[PDB]
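Single-letter residue listing:
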Number of protein chains: 2
Amino acid sequence: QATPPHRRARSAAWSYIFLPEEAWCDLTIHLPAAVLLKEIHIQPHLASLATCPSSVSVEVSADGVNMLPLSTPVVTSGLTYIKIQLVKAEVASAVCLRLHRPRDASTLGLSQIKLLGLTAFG
Amino acid sequence: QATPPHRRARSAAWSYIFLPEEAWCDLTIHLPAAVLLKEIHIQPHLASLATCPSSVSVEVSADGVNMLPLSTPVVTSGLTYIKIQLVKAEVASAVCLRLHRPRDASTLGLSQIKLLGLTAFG
């Protein structure tokens, strides 16, 4: 959503339960058209950021099918707001956010993911 | 305190405000007698762990005056509970906990610090 209501933050906007064997979970976001991606915004659960992801690895796909890793996973444990800027703006149509298991929590709690950038004529 | 009331966690049990120039703040705990220290317990603000310390460096002093660093500072950002066990129990009379500035917070919030160990005849 463009702006969900963030005033009370009861439990979480979105929650994920982790199996003991797995540590990474991937959120694949498919855009209707390729955009000039510039910066990713990830907002964890602000009321209880124990469920904030330890590290996040972004992936971009210009054709929307070929997942390709972005950078090494930046550690966001203890961060109230995740801003992954790109020095080089990338033409991407699909974005895979692979979130790592938190340091001492088996659940992931997120509030809002933004996909900031431009278009070809915007 | 042995057990402070942790049921609501309104603001914090203890809070620290960070100057822009400094990044480390030291809590020096002086015991009346030297004890066989075994493990440190640090509880951050459980309701809002944005103020949890990014990294903590412990220091022990057997004579109580000569501060001497323990290990490299363990990163506790995103940890609801900090348990620094010692494989070698150390005879310590003073314990200096040097807490680092959080990743995106200018305040530190702690709830309870425990100093676990034995005595000479206990």
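Its PDB header attributes the entry to cryo-EM and lists the resolution as 3.3 Å.

Looking now at the overall build of chain A. Looking only at helices and strands, one finds zero helices and seven strands in chain A. Along chain A, from the amino end to the carboxyl end, the secondary structure elements read β-β-β-β-β-β-β. On the principal axes, the C-alpha backbone points of chain A span a range of 40 × 35 × 25 Å. Buried positions account for 39% of the 122 residues belonging to chain A. For chain A, the accessible surface area stands at approximately 7100 Å², while carbon and sulfur atoms represent 56% of it. Once the 10 positive and 8 negative side-chain charges of chain A are each reduced to a mean point, those two points are 14 Å apart.

The subject of this paragraph is the interface of chain A and chain B. Contacts between chain A and chain B engage eleven residues on the former and eleven residues on the latter. At the boundary of chain A and chain B, one finds three residue pairs in polar contact.

Attention now goes to the packing of aromatic side chains. Residue and element names in this part refer to chain A. Taken as a whole, this structure holds four aromatic pairs over all chains when the rule is applied. Taken together, a centroid distance of 5.9 Å and an interplanar angle of 40° make the contact between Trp14 and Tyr16 tilted. Assessed through its relative accessible area of 34%, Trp14 is described here as partly exposed. For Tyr16, a relative accessible area of 22% gives the class partly exposed.

Let us look at the relation of the copies chain A and chain B. Each copy superposes on the other: chain A lies on chain B with an RMSD of 0.0 Å after a rotation of 180° and an axial shift of 0.0 Å. Accordingly, the operation relating the two chain copies is best matched by a two-fold axis. Distance from the rotation axis, computed per C-alpha, reaches its smallest value in chain A at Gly78 of chain A: 2.3 Å. Here 100% of the contact residues of chain A are again contact residues in chain B; the copies associate through an equivalent surface.

This next bit is on the pairing of strand β2 (residues 24-44) of chain A. Residues and elements named next belong to chain A. Where β2 meets strand β6 (residues 82-100), 14 bridges bridge the pair, whose relative direction is antiparallel. Bridging from a neighbouring strand, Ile29 pairs with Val95 of β6. Bridge analysis of β2 against strand β7 (residues 107-118) gives eight bridges, and the strand direction is antiparallel. Along β7, the bridge assignment pairs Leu36 with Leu118.

Here we take up the side chain of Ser57 of chain B. All names here are of chain B. Summarising the element assignment, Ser57 is placed in strand β3 (residues 55-61). Exposure remark for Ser57: the relative accessible area of 10% places this residue in the buried category. Excluding anything up to four places from it in sequence, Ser57 contacts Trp24, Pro73, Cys96, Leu97 and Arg98.

With that out of the way, let us pick up the pattern of salt bridges. Residue and element names in this part refer to chain A. The tally for this structure, following the rule as stated, stands at four salt bridges over all chains. For the salt bridge of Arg98 with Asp26, the shortest nitrogen-to-oxygen distance reads 3.7 Å. Taken together, the positions of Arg98 in strand β6 and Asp26 in strand β2 put the pair 72 residues apart, joining distant regions of the chain. Across the salt bridge formed by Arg98 and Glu59, the nearest N and O atoms sit 3.3 Å from each other. Taken together, the residues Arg98 in strand β6 and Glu59 in strand β3 (residues 55-61) connect sequence positions 39 residues apart. Given the relative accessible area of 7%, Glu59 is considered buried. Several salt bridges converge on common partners, so that one network encompasses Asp26, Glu59 and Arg98.

Calculation criteria
Residues numbered from 1 in each chain as written, not as in the entry; some residues may be left out. Chains lettered and ligands numbered in written order. Part of a larger assembly, values for the part shown. Heavy atoms only, no water. Helix = DSSP H or I, 4+ residues; strand = E, 2+ residues; numbered from the N terminus. Buried < 20%, exposed > 50% of the residue type's maximum accessible area, 1.4 Å probe, protein only. Areas by Shrake-Rupley, 256 points an atom, 1.4 Å probe, with all protein chains shown as cover. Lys, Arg positive; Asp, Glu negative; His and termini not counted. Charge placed at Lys NZ, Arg CZ, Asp CG, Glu CD. Contact = heavy atoms within 4.5 Å. Polar contact = N/O pair within 3.5 Å; in protein donor to acceptor, adjacent residues only side chain to side chain. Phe/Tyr/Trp six-rings, centres within 6.5 Å; stacked < 30°, edge-to-face > 60°. Least-squares fit on C-alpha atoms. Pairing = 2+ DSSP bridges. Salt bridge = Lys/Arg side-chain N within 4 Å of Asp/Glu carboxyl O.

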